[PDB]
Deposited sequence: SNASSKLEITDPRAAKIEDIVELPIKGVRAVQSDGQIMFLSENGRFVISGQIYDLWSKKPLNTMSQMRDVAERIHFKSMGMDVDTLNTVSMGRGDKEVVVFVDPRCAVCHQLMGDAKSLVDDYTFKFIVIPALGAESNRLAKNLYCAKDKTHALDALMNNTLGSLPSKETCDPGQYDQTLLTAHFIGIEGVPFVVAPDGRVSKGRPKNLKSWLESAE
């Protein structure tokens, strides 16, 4: 069954508002109100409570959205049964520092470092090399030391394109085991992973 007609509306943000039991959707500047029901098509679920609303604003649940992060330009570090996802650029020094902090935590977490060239054509180069690594154990090591170009083996990186599509902004971008997101490096990684 088809979409027959499409019109872009002058709407740049939407807020869910709850009053006396009913949840409505207001455009960010107060021009439009939509009375009805919102559905998360990627998670294939209706959002019916303010708690579910907050979940999609504050959290990312990759497997729930049909995303396997191991299929991206991803390298893994650690042994924990709690998964931590960190989008990183190969030239990002705060990303490198964050990755250094994660080394002390490898017993309780498994880190998924997803390499994205968010910072340019040279970042593309390094990310592109890592993608073609013979041995991703060394790739991991290469990533953390900023030694990626001398790695044994498109201008438009798929991991970059995907992150952008789904709204990942800036690096580093961290997703805790419970889905909580950190736009940037948290003050204390260990504490942040434990709880809000």
Problem - Deposited-sequence ranges lacking C-alpha coordinates, in sequence order - result: 1-14, 168-173, 217
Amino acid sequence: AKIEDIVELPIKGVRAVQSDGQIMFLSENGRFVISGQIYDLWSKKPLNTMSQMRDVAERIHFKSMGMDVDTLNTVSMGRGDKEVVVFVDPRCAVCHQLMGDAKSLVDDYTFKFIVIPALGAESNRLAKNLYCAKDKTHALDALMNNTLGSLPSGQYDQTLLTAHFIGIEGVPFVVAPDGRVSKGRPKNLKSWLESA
From here on, numbers count along this sequence of modelled residues.
Fill in the blank from the handout: With B-factors read from the PDB entry, the higher C-alpha mean of 8-16 and 178-186 is in 178-186
Handout entry: Mean temperature factor over C-alpha atoms, higher-scoring stretch between 141-149 and 37-45
Key = 141-149
Practice task
Can you pull the Cα B-factors for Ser104, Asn73, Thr110, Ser123 from the entry and say which is highest?
Solution key: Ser123
Exercise for the section: Name the one of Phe32, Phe165, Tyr156, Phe62 with the greatest CA B-factor according to the PDB entry. Expected result: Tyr156
Practice task
Divide the modelled residues of the chain into thirds by Cα B-factor and specify which third, lowest, middle or highest, holds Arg91.
Solution key: highest
Problem - Within-chain third of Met77 by Cα B-factor, per the entry - result: middle
Exercise for the section: For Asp68, return the chain-relative third of its C-alpha B-factor as stated in the PDB record: lowest, middle or highest. Expected result: middle
Handout entry: Third of the chain, ranked by Cα B-factor, where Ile116 sits
Key = highest
Practice task
Using the B-factors in the PDB entry, rank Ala127's C-alpha atom against the chain and give the third, lowest, middle or highest.
Solution key: highest
